[PDB]
């Protein structure tokens, strides 16, 4: 005779997933859990953005021609480019990456004169590696000479107190001339000493003239150095030549986030997870796009794919 029967649904085409117990079981419906789709632009909508282009982050502090428009920038988001260069006259920074990490999160910088003042020397030393229109130099810095070639360089001391509420970024340079005879034409003769102290920091420098391969037509080099001067603390500079003096000190504006990217800015899309090939916009817990992404990101995983069941076992005829 007559009866009642209960059952459940199914579909002709299910999706298969993994369980604890079996690999490739078919369920009515599933959903992805690992993000594969990148947006090939830096989604920057709503955020104060500064794209350094040709200026190197560290050049932001010393001031080569590329960086003139960035000596006092302000940003929530900072973008470094492959093309960017920290330098016009050839040289390096010591602890350069520490510095970059500080500057990336500073929210930008605010300059202020050291108020150094000079007598018994030249101040205007320039070079054709640093061209504005004709020979020029690091905008934040002063190429300290002796009155004309090969005059003596008269022992100097200069000091700067940090009278502000926050710590200062103090910078300076050591010049290594192509020759010993060049060191001479510039800063006179004999070997040269350059010391630097605070309440916090003791260190010391001698120049090292000699041939390097030429870079923007130069066999010489500048070594750049820096330290963080605490509020109320004083830095002093004892020196006798070969020295590249800071004209201005720097202060950090607030807070930001630094990225390195190869793609275009786009104020039409928003996101907080960035990598050099773009922005990962997604709600998902995981991603397989780029393990070096920075920001607020889904966790990077190895798998291309991990399906989460969102329905029952699929049982057809």
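Residue numbers count along the first chain shown, from 1.
In this entry, 22 to 30 has the higher mean Cα B-factor, the comparison being between 251 to 259 and 22 to 30. Stretch comparison (3 to 11 versus 307 to 315) by mean CA B-factor in the PDB entry places 3 to 11 on top. Each of 85, 74, 202, 127 has a CA temperature factor in the record; the biggest one is found at 202. Of the candidates 95, 136, 101, 155, it is 155 whose Cα B-factor is highest according to the PDB record.
When all modelled residues of the chain are sorted by CA temperature factor, residue 221 is found within the middle third. In this PDB entry, residue 149 carries a Cα temperature factor that places it within the highest third of its chain's modelled residues. Remark: residue 81 belongs to the lowest third of its chain, ranked by C-alpha B-factor as recorded. Compared with the other modelled residues of the chain, the Cα B-factor recorded for residue 166 ranks in the middle third.
Ranked against the other modelled residues of its chain, the C-alpha B-factor of residue 90 as given in the entry falls in the middle third.
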